[PDB]
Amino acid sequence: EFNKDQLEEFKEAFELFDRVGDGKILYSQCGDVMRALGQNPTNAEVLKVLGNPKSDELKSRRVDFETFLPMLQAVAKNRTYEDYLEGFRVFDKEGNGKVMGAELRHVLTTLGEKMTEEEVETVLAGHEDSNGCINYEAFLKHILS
């Protein structure tokens, strides 16, 4: 699991997200942190660890680093690369690596854990030519680091 040097690096990041000065964060923010610290949980994976909180408490329940930590752990002990390349291979109707811009935004904003168009904009910023095409390989490596 985790040692002291790691506990300080994580608690440093954790207090940056405290927008009140109580040493705690909102239940909703827990997702942010985990991603900030190198993880990639599905919003579902996040919710399980929180307790599958109802919306009345997802915007009001605060948590110290002591209680956040088991949740950060839980996601740690459940998280390939080839299968990422095969997933983009799905949305590819040509074979040339080149995928439409309109058809990538669409699926990303109306499927699975739907993302806002603004989030989808900031990410695909400039990674597309005049024809509205994007070599996923280029894009896949970028997003991972």
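Quick note: we count residues from 1 along the sequence shown, nothing fancier.
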**Report entry** Between neighbours residue 80 and residue 79, residues that the deposited sequence lists but the model omits
**Finding:** 1 to 3
Query raised in the report: Can you tell me which stretch has the higher mean Cα B-factor, 34-42 or 96-104?
Result: 96-104
Requested in this report: Name the third of the chain's ranked CA B-factors that contains residue 85, choosing lowest, middle or highest.
Outcome: highest
Report task. Consider only the C-alpha atoms of the modelled residues in this chain, order them by B-factor as the entry records it, and name the third containing residue 91: lowest, middle or highest. Result -> highest
Report summary line: Among the modelled residues of its chain, the C-alpha B-factor of residue 11 falls in the third labelled lowest
Query raised in the report: Would the CA B-factor of residue 57 place it in the lowest, middle or highest third of its chain?
Result: highest
